[PDB]
There are 2 protein chains.
Amino acid sequence: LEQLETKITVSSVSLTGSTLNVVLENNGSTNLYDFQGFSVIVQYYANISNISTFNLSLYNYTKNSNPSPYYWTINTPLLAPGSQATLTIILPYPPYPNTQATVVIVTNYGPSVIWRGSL
Amino acid sequence: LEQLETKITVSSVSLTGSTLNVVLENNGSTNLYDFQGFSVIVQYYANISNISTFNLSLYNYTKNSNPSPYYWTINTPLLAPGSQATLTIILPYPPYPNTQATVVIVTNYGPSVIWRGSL
């Protein structure tokens, strides 16, 4: 039948401690709600005992209010076209200051977004 | 009804020019064949005019016999439990010598594997 476009973009990324907050925008025509079917990858430089340490890991979805490291949450059950929501990603270590990072978010439908910047 | 375990592992990774060959093993109970529904991410250091350059990109599936850069293929239509197959990933630039790389492969079912090593 009818195929609908899926499209996401990242509006902003903010770091607090070891928590990444990613503002995600739905710019497509599909509703996004099957979050367990998303994939989230973060590459960053962890501060491990004052040594900048490359870390690239996969993060799993949860609805738990206190997500463990290597988990992520989002502050809505459904992200509709034209709306935005905040993804919270819990990193295992605080980022080493002034280092680059990459966040990959893949929707259950296939389309994805990659954010590249500094923490 | 019945849930079956999906599990993949990487047996080996080989580099030829700008082509990555990843031997993927099915160690689960599901058949793997919905490759368009997989996600593949590669992080490496590209040789761009003799400057080692960080590159993290998503690669899309194709069955084309001459995949373009940022595409991947696999040498079977179906990877059954207990079998292995070779994924071919076409990188945009040859890797800079003796640098680290990461390959993330996510099945359509959810379970994934991350390979970490050097090219």
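Segment residue A:68..residue A:93, full-extension length gain: 7.8 nm, with 0.36 nm per residue of separation and the alpha-carbon distance subtracted. Dividing the alpha-carbon radius of gyration of chain A by the rule-of-thumb value 2.2 N^0.38 Å gives 1.07. Given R0 = 25 Å, the distance between the Cβ atoms of residue A:116 and residue A:49 translates into a calculated FRET efficiency of 0.40.
Here the gap between residue B:83 and residue B:34, fully extended at 0.36 nm per residue and compared with their Cα-Cα distance, gives a gain of 16.1 nm.
Distance between the 7 Å Cα→Cβ label points at residue B:19 and residue A:16: 5.0 nm.
Using Cβ contacts closer than 10 Å as the measure, can you line up B:78, A:4 from fewest to most?
Least to most surrounded, the residues fall as A:4, B:78.
Arranged from fewest to most other beta-carbon atoms within 10 Å of their beta carbon, B:56, B:24 become B:56, B:24. Across peptide B:24-32, the mean count of Cβ atoms from other chains lying within 10 Å of each residue's own Cβ comes to 0. Along its three principal directions, the equivalent ellipsoid of the protein assembly as shown from the Cα gyration tensor extends over semi-axes of 27, 24, 18 Å, largest first. The spacing between the stretch B:68-119 and the stretch A:78-119, judged by their C-alpha centroids, is 22 Å.
Positions of Cβ are generated from backbone atoms using ideal geometry, with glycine treated the same way; all protein chains shown enter the neighbour counts. None of the figures in this text is laboratory data; all of them are computed from the coordinates on show.
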